[PDB]
């Protein structure tokens, strides 16, 4: 199923920005990487931590706790302590707006 839901106006995403959004009740992180936007779940897989409070360095988001890192394009866990990949979501831009597929 692909079901596109509007997330933010794309002005809201500056360069190399991570932004936390809440869409249909779901907390998601939007990342800007070299002109593309990616989306993951906003909760770390290792603990209670929000990705959007972390540090985005190129395509790697560092959790605000523990030094765990994910690749934002694939969701792959990149270093200890994170071992479970983070869920990624399809993104597109329509206009104008950043849309996310929550299905």
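Numbering follows the first chain given and starts at 1.
Participant: Given the B-factors recorded for C-alpha atoms, which segment has the greater mean, 41-49 or 28-36?
Facilitator: The deposited B-factors put 28-36 ahead on the C-alpha mean.
Participant: On mean Cα temperature factor in this entry, is 81-89 or 13-21 the higher one?
Facilitator: Comparing 81-89 with 13-21, the higher average CA B-factor belongs to 13-21.
Participant: Lowest, middle or highest third: where is residue 100 by C-alpha B factor in its chain?
Facilitator: It falls in the bottom third of the chain.
Participant: Where does the C-alpha B-factor of residue 58 rank in its chain, lowest, middle or highest third?
Facilitator: Tercile = highest for this residue's CA B-factor.
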